Amino acid sequence: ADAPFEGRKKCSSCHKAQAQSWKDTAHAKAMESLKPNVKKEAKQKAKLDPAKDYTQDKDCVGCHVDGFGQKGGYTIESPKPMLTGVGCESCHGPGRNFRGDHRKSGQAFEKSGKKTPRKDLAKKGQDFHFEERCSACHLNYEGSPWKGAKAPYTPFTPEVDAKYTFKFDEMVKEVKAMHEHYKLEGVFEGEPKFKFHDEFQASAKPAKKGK
Ligand code: HEM
Ligand code: HEM
Ligand code: HEM
Ligand code: HEM
């Protein structure tokens, strides 16, 4: 019983600093790349049509939106702006079930300092590991080292250009590709905890924008 996707809106309303930074990332602009005449040079190199409209192409949208083919996720028939672009749930997991726990646990902490185990969030679908999710978009090509690969494949592979080589441990540390990291008070605790969480929090910026 995995959880349904719902879109970025509620996440962004509670996490304004991360949302503001995420908006400037290539992930947030992913659907723009599928539009005609955008990234013409890159498309030519990959032997795609620079003038074609790929925004409703099922061979392309799944890696440029949230939750394609998944419950509550993006559909070409009724495409939600809040699921357009690679958004919050594409990395952190579909949020319909865990988002309410962020609200309740946040209120419990503000009122009484009570912390909540991350295990409770993982049970509700939140992802604290990320690698498989990033890989399903970035390493989904024929003969890829990632064994979950299956069509449709990304046209942007190491064969096309070495700049498309993907190494999770390196790229998850590119803030300009994730979003800047801001300091957490520590409402959630324990495992499963992302392997680089303490590192990211140790150099995180202070609560910038919102509250
Ligand atoms: C939308 C589904 C959504 C996402 C995505 C999201 C992510 C998120 C992360 C990654 C954390 C950190 C967890 C950890 O410590 O490992 C986090 C923490 C908090 N959130 Fe959140 N969050 C989403 C939605 C919401 C909503 C709608 C609210 C507000 C009602 C909210 C609140 C919080 C709070 C509070 C925390 C703890 C912050 C702290 O300082 O420790 N989130 N969220
Ligand atoms: C998982 C945490 C994850 C990582 C790590 C990751 C990295 C990453 C980088 C470094 C880029 C390049 C950014 C830039 O050049 O400015 C990038 C770009 C795209 N990604 Fe990604 N990405 C992660 C996760 C995901 C997921 C889950 C998907 C598919 C739903 C995905 C897709 C894309 C796409 C598409 C781009 C390009 C956007 C564009 O320019 O149109 N990524 N990612
Ligand atoms: C479908 C034919 C399709 C199109 C069209 C498309 C376009 C596209 C562009 C223009 C980019 C940016 C490349 C650049 O160098 O700036 C881009 C990037 C990524 N895509 Fe995409 N894409 C199409 C399909 C798919 C599919 C089916 C997947 C996932 C299986 C996918 C994934 C990605 C990823 C990952 C990137 C980022 C590459 C990087 O910069 O590292 N795309 N796409
Ligand atoms: C979508 C706009 C979005 C939100 C909202 C969001 C929130 C969020 C929080 C609150 C954290 C913890 C504090 C911090 O700033 O580090 C957090 C951490 C990570 N995120 Fe995130 N995040 C949003 C989008 C995305 C996207 C699209 C990706 C993947 C390309 C991504 C990845 C990460 C990673 C990795 C971390 C570190 C996790 C940790 O330290 O526990 N986020 N995000």
# chains A, B, ... in the order shown; residues from 1 in each chain; ligands from 1
call {"tool": "residues_near_ligand", "arguments": {"ligand": "ligand 3", "cutoff": "6 Å", "atoms": "only C-alpha atoms and all ligand atoms", "output": "PyMOL selection string"}}
result
chain A and resi 33-34+39+42-43+54+59-60+62-63+137-138+140+152-156+164
call {"tool": "write_last_selection", "arguments": {"atoms": "N, CA, C and O atoms", "output": "PDB file, in the first residue's frame"}}
result
ATOM      1  N   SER A  33      11.791  21.971 -21.102  1.00  0.00           N
ATOM      2  CA  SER A  33      12.695  21.288 -22.012  1.00  0.00           C
ATOM      3  C   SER A  33      11.950  20.498 -23.056  1.00  0.00           C
ATOM      4  O   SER A  33      12.522  20.217 -24.100  1.00  0.00           O
ATOM      5  N   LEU A  34      10.720  20.112 -22.740  1.00  0.00           N
ATOM      6  CA  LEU A  34       9.917  19.312 -23.687  1.00  0.00           C
ATOM      7  C   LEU A  34       9.208  20.191 -24.705  1.00  0.00           C
ATOM      8  O   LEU A  34       8.546  19.669 -25.613  1.00  0.00           O
ATOM      9  N   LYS A  39      16.195  24.202 -25.852  1.00  0.00           N
ATOM     10  CA  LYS A  39      17.339  23.301 -25.794  1.00  0.00           C
ATOM     11  C   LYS A  39      17.515  22.629 -27.138  1.00  0.00           C
ATOM     12  O   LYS A  39      17.725  21.407 -27.252  1.00  0.00           O
ATOM     13  N   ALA A  42      20.963  20.664 -27.564  1.00  0.00           N
ATOM     14  CA  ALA A  42      20.996  19.374 -26.856  1.00  0.00           C
ATOM     15  C   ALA A  42      20.117  18.323 -27.553  1.00  0.00           C
ATOM     16  O   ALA A  42      20.515  17.136 -27.661  1.00  0.00           O
ATOM     17  N   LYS A  43      18.950  18.740 -28.016  1.00  0.00           N
ATOM     18  CA  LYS A  43      18.067  17.802 -28.699  1.00  0.00           C
ATOM     19  C   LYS A  43      18.722  17.283 -30.003  1.00  0.00           C
ATOM     20  O   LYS A  43      18.666  16.102 -30.285  1.00  0.00           O
ATOM     21  N   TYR A  54       7.089  17.988 -27.343  1.00  0.00           N
ATOM     22  CA  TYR A  54       7.139  16.690 -26.610  1.00  0.00           C
ATOM     23  C   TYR A  54       6.385  16.803 -25.271  1.00  0.00           C
ATOM     24  O   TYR A  54       6.446  15.842 -24.496  1.00  0.00           O
ATOM     25  N   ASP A  59       6.553   9.102 -24.248  1.00  0.00           N
ATOM     26  CA  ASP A  59       7.947   8.622 -24.269  1.00  0.00           C
ATOM     27  C   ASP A  59       8.859   9.663 -23.581  1.00  0.00           C
ATOM     28  O   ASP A  59      10.067   9.413 -23.466  1.00  0.00           O
ATOM     29  N   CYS A  60       8.291  10.801 -23.071  1.00  0.00           N
ATOM     30  CA  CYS A  60       9.159  11.850 -22.486  1.00  0.00           C
ATOM     31  C   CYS A  60       8.694  12.384 -21.151  1.00  0.00           C
ATOM     32  O   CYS A  60       9.520  12.575 -20.222  1.00  0.00           O
ATOM     33  N   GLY A  62       7.368  11.240 -18.447  1.00  0.00           N
ATOM     34  CA  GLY A  62       7.486  10.540 -17.190  1.00  0.00           C
ATOM     35  C   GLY A  62       8.683  10.927 -16.357  1.00  0.00           C
ATOM     36  O   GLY A  62       8.680  10.701 -15.142  1.00  0.00           O
ATOM     37  N   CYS A  63       9.717  11.446 -17.014  1.00  0.00           N
ATOM     38  CA  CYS A  63      10.875  11.832 -16.207  1.00  0.00           C
ATOM     39  C   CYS A  63      10.962  13.337 -16.025  1.00  0.00           C
ATOM     40  O   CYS A  63      11.945  13.847 -15.486  1.00  0.00           O
ATOM     41  N   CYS A 137      15.114   7.857 -13.174  1.00  0.00           N
ATOM     42  CA  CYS A 137      15.091   8.853 -14.231  1.00  0.00           C
ATOM     43  C   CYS A 137      16.508   8.947 -14.888  1.00  0.00           C
ATOM     44  O   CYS A 137      16.632   8.908 -16.120  1.00  0.00           O
ATOM     45  N   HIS A 138      17.551   9.038 -14.066  1.00  0.00           N
ATOM     46  CA  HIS A 138      18.880   9.311 -14.586  1.00  0.00           C
ATOM     47  C   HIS A 138      19.658   8.128 -15.146  1.00  0.00           C
ATOM     48  O   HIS A 138      20.550   8.338 -15.969  1.00  0.00           O
ATOM     49  N   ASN A 140      18.062   5.334 -16.463  1.00  0.00           N
ATOM     50  CA  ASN A 140      17.091   4.484 -17.140  1.00  0.00           C
ATOM     51  C   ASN A 140      17.375   4.493 -18.618  1.00  0.00           C
ATOM     52  O   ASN A 140      16.779   5.264 -19.382  1.00  0.00           O
ATOM     53  N   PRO A 152      10.092   3.723 -21.480  1.00  0.00           N
ATOM     54  CA  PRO A 152      10.922   4.593 -22.334  1.00  0.00           C
ATOM     55  C   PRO A 152      12.198   5.032 -21.634  1.00  0.00           C
ATOM     56  O   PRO A 152      12.224   5.304 -20.441  1.00  0.00           O
ATOM     57  N   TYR A 153      13.295   5.057 -22.391  1.00  0.00           N
ATOM     58  CA  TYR A 153      14.609   5.433 -21.871  1.00  0.00           C
ATOM     59  C   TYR A 153      14.917   6.901 -22.020  1.00  0.00           C
ATOM     60  O   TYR A 153      14.341   7.586 -22.895  1.00  0.00           O
ATOM     61  N   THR A 154      15.836   7.389 -21.179  1.00  0.00           N
ATOM     62  CA  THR A 154      16.246   8.760 -21.342  1.00  0.00           C
ATOM     63  C   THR A 154      17.109   8.852 -22.617  1.00  0.00           C
ATOM     64  O   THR A 154      17.962   7.959 -22.881  1.00  0.00           O
ATOM     65  N   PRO A 155      16.835   9.860 -23.452  1.00  0.00           N
ATOM     66  CA  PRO A 155      17.665  10.005 -24.664  1.00  0.00           C
ATOM     67  C   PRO A 155      19.054  10.539 -24.317  1.00  0.00           C
ATOM     68  O   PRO A 155      19.928  10.567 -25.195  1.00  0.00           O
ATOM     69  N   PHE A 156      19.225  11.054 -23.089  1.00  0.00           N
ATOM     70  CA  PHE A 156      20.487  11.734 -22.698  1.00  0.00           C
ATOM     71  C   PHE A 156      21.355  10.835 -21.882  1.00  0.00           C
ATOM     72  O   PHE A 156      21.351  10.834 -20.651  1.00  0.00           O
ATOM     73  N   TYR A 164      26.330  13.419 -19.231  1.00  0.00           N
ATOM     74  CA  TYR A 164      25.101  12.757 -18.718  1.00  0.00           C
ATOM     75  C   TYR A 164      25.432  11.540 -17.809  1.00  0.00           C
ATOM     76  O   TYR A 164      24.520  10.778 -17.422  1.00  0.00           O
TER      77      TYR A 164
END
call {"tool": "select_by_dssp", "arguments": {"residues": "segment 21-210 of chain A", "states": "alpha helix (DSSP H)", "output": "PyMOL selection string"}}
result
chain A and resi 21-22+40-45+88-92+99-112+118-123+131-138+168-171+197-202
call {"tool": "atom_distance", "arguments": {"atom1": "atom 25 (C, counted along the ligand's line) of ligand 1", "atom2": "atom CA of residue 58 of chain A"}}
result
29.7 Å
call {"tool": "residues_near_ligand", "arguments": {"ligand": "ligand 1", "cutoff": "9 Å", "atoms": "only C-alpha atoms and all ligand atoms", "output": "number ranges by chain"}}
result
A: 5-15, 87-107, 109-110, 115, 118, 121, 126-128, 182-194, 197
call {"tool": "write_last_selection", "arguments": {"atoms": "N, CA and C atoms", "output": "short mmCIF file (atom, residue, chain, number, x, y, z; two decimals), in the first residue's frame"}}
result
data_model
loop_
_atom_site.label_atom_id
_atom_site.label_comp_id
_atom_site.auth_asym_id
_atom_site.auth_seq_id
_atom_site.Cartn_x
_atom_site.Cartn_y
_atom_site.Cartn_z
N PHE A 5 0.54 10.31 -4.74
CA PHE A 5 1.14 11.63 -4.91
C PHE A 5 0.03 12.67 -4.78
N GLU A 6 0.39 13.90 -4.42
CA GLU A 6 -0.58 14.98 -4.39
C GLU A 6 -0.11 16.28 -5.04
N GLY A 7 1.20 16.43 -5.26
CA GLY A 7 1.64 17.69 -5.82
C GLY A 7 2.48 18.49 -4.85
N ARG A 8 3.06 19.57 -5.35
CA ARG A 8 4.01 20.33 -4.51
C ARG A 8 3.42 21.35 -3.58
N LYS A 9 2.18 21.73 -3.82
CA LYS A 9 1.60 22.87 -3.11
C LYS A 9 1.72 22.84 -1.62
N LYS A 10 1.29 21.77 -0.99
CA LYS A 10 1.37 21.83 0.49
C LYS A 10 2.81 21.75 0.94
N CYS A 11 3.65 20.95 0.27
CA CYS A 11 5.03 20.96 0.71
C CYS A 11 5.62 22.36 0.64
N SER A 12 5.35 23.09 -0.45
CA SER A 12 5.96 24.37 -0.65
C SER A 12 5.45 25.42 0.33
N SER A 13 4.22 25.22 0.77
CA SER A 13 3.65 26.22 1.69
C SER A 13 4.30 26.13 3.07
N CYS A 14 4.68 24.94 3.50
CA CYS A 14 5.36 24.77 4.79
C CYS A 14 6.85 24.88 4.69
N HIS A 15 7.40 24.75 3.46
CA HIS A 15 8.83 24.76 3.28
C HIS A 15 9.18 25.76 2.24
N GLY A 87 9.39 17.69 -9.08
CA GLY A 87 9.13 18.38 -7.81
C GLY A 87 9.43 17.61 -6.57
N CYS A 88 8.84 18.14 -5.47
CA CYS A 88 9.23 17.61 -4.16
C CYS A 88 9.08 16.13 -3.96
N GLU A 89 7.92 15.58 -4.38
CA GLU A 89 7.63 14.20 -4.16
C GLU A 89 8.46 13.28 -5.08
N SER A 90 8.94 13.82 -6.20
CA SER A 90 9.80 12.96 -7.04
C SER A 90 11.04 12.52 -6.30
N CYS A 91 11.51 13.30 -5.31
CA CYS A 91 12.66 12.86 -4.51
C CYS A 91 12.26 12.36 -3.12
N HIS A 92 11.37 13.10 -2.48
CA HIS A 92 11.01 12.75 -1.12
C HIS A 92 9.91 11.72 -0.98
N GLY A 93 9.34 11.30 -2.10
CA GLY A 93 8.28 10.27 -2.06
C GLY A 93 6.92 10.91 -2.12
N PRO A 94 5.90 10.14 -2.59
CA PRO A 94 4.52 10.63 -2.67
C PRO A 94 4.12 10.99 -1.24
N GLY A 95 3.50 12.14 -1.13
CA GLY A 95 3.22 12.74 0.18
C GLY A 95 1.82 12.78 0.72
N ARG A 96 0.87 12.15 0.05
CA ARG A 96 -0.46 12.27 0.61
C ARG A 96 -0.60 11.79 2.06
N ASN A 97 0.08 10.72 2.43
CA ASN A 97 -0.02 10.14 3.77
C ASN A 97 0.96 10.74 4.76
N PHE A 98 2.15 11.12 4.32
CA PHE A 98 3.07 11.64 5.31
C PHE A 98 2.96 13.11 5.59
N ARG A 99 2.40 13.89 4.68
CA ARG A 99 2.35 15.33 4.84
C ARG A 99 1.57 15.75 6.08
N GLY A 100 0.52 14.99 6.40
CA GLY A 100 -0.28 15.30 7.59
C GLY A 100 0.52 15.05 8.86
N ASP A 101 1.44 14.07 8.85
CA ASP A 101 2.32 13.77 9.99
C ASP A 101 3.33 14.95 10.14
N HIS A 102 3.76 15.59 9.04
CA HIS A 102 4.69 16.75 9.20
C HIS A 102 3.94 17.85 9.97
N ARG A 103 2.65 18.05 9.66
CA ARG A 103 1.85 19.08 10.36
C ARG A 103 1.64 18.68 11.82
N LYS A 104 1.19 17.46 12.06
CA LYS A 104 0.94 17.07 13.45
C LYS A 104 2.20 17.00 14.31
N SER A 105 3.27 16.46 13.74
CA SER A 105 4.51 16.33 14.50
C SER A 105 5.12 17.69 14.73
N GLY A 106 4.96 18.61 13.78
CA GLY A 106 5.46 19.98 13.93
C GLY A 106 4.70 20.66 15.08
N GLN A 107 3.39 20.48 15.10
CA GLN A 107 2.56 21.05 16.19
C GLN A 107 2.93 20.41 17.52
N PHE A 109 5.82 19.16 18.41
CA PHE A 109 7.10 19.73 18.82
C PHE A 109 6.95 21.20 19.31
N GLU A 110 6.23 22.04 18.59
CA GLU A 110 6.07 23.43 18.99
C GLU A 110 5.38 23.52 20.35
N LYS A 115 9.50 14.82 19.91
CA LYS A 115 10.10 14.49 18.60
C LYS A 115 9.35 13.28 18.05
N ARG A 118 11.56 9.10 12.47
CA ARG A 118 11.48 9.10 10.99
C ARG A 118 10.84 7.78 10.53
N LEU A 121 7.42 8.23 9.45
CA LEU A 121 7.30 8.84 8.12
C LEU A 121 7.63 7.85 7.02
N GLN A 126 7.54 8.18 3.03
CA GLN A 126 8.60 9.17 2.78
C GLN A 126 9.91 8.45 2.50
N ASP A 127 10.70 9.04 1.58
CA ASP A 127 11.98 8.47 1.17
C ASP A 127 13.11 9.22 1.86
N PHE A 128 13.98 8.45 2.54
CA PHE A 128 15.16 9.02 3.17
C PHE A 128 16.43 8.48 2.57
N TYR A 182 18.55 24.06 4.29
CA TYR A 182 18.29 24.98 5.41
C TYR A 182 18.22 24.19 6.70
N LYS A 183 18.60 24.87 7.78
CA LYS A 183 18.66 24.25 9.11
C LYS A 183 17.31 23.78 9.66
N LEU A 184 17.28 22.54 10.16
CA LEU A 184 16.10 21.94 10.75
C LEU A 184 16.20 22.07 12.28
N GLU A 185 15.05 22.25 12.94
CA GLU A 185 15.03 22.28 14.42
C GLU A 185 15.21 20.86 14.96
N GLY A 186 14.76 19.86 14.21
CA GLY A 186 14.94 18.50 14.64
C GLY A 186 13.70 17.79 15.15
N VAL A 187 12.56 18.11 14.56
CA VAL A 187 11.29 17.49 14.93
C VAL A 187 11.43 15.98 14.73
N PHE A 188 12.05 15.52 13.63
CA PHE A 188 12.16 14.09 13.41
C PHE A 188 13.49 13.56 13.81
N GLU A 189 13.52 12.32 14.30
CA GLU A 189 14.76 11.71 14.73
C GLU A 189 14.90 10.24 14.38
N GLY A 190 16.13 9.74 14.44
CA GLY A 190 16.40 8.34 14.20
C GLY A 190 16.35 7.88 12.76
N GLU A 191 16.44 6.56 12.59
CA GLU A 191 16.44 5.93 11.27
C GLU A 191 15.06 5.59 10.74
N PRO A 192 14.92 5.50 9.41
CA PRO A 192 15.97 5.68 8.41
C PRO A 192 16.31 7.15 8.20
N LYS A 193 17.61 7.42 8.23
CA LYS A 193 18.14 8.77 8.10
C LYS A 193 19.08 8.79 6.89
N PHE A 194 18.90 9.79 6.06
CA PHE A 194 19.75 9.92 4.86
C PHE A 194 21.21 9.99 5.28
N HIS A 197 22.61 13.39 5.73
CA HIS A 197 21.80 14.37 6.47
C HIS A 197 22.62 15.25 7.48
#
call {"tool": "closest_atom_pairs", "arguments": {"of": "chain A", "to": "ligand 2", "cutoff": "6 Å", "atoms": "only C-alpha atoms and all ligand atoms", "output": "Markdown table"}}
result
| residue | atom | partner | partner_atom_place_in_ligand_line | distance |
| --- | --- | --- | --- | --- |
| A:26 | CA | ligand 2 | 40 (O) | 4.5 |
| A:27 | CA | ligand 2 | 38 (C) | 4.7 |
| A:29 | CA | ligand 2 | 41 (O) | 5.8 |
| A:30 | CA | ligand 2 | 41 (O) | 3.5 |
| A:33 | CA | ligand 2 | 41 (O) | 4.4 |
| A:63 | CA | ligand 2 | 29 (C) | 3.9 |
| A:64 | CA | ligand 2 | 35 (C) | 4.6 |
| A:65 | CA | ligand 2 | 30 (C) | 5.7 |
| A:66 | CA | ligand 2 | 30 (C) | 5.9 |
| A:86 | CA | ligand 2 | 30 (C) | 5.2 |
| A:90 | CA | ligand 2 | 27 (C) | 4.8 |
| A:91 | CA | ligand 2 | 27 (C) | 5.4 |
| A:130 | CA | ligand 2 | 2 (C) | 5.3 |
| A:133 | CA | ligand 2 | 27 (C) | 4.8 |
| A:134 | CA | ligand 2 | 1 (C) | 3.6 |
| A:137 | CA | ligand 2 | 29 (C) | 4.2 |
| A:168 | CA | ligand 2 | 5 (C) | 5.5 |
| A:171 | CA | ligand 2 | 5 (C) | 4.6 |
| A:172 | CA | ligand 2 | 5 (C) | 3.7 |
| A:177 | CA | ligand 2 | 13 (C) | 4.6 |
call {"tool": "select_by_dssp", "arguments": {"residues": "segment 23-211 of chain A", "states": "strand (DSSP E)", "output": "PyMOL selection string"}}
result
chain A and resi 116-117+188-189
call {"tool": "atom_distance", "arguments": {"atom1": "atom CA of residue 159 of chain A", "atom2": "atom 42 (N, counted along the ligand's line) of ligand 4"}}
result
27.8 Å
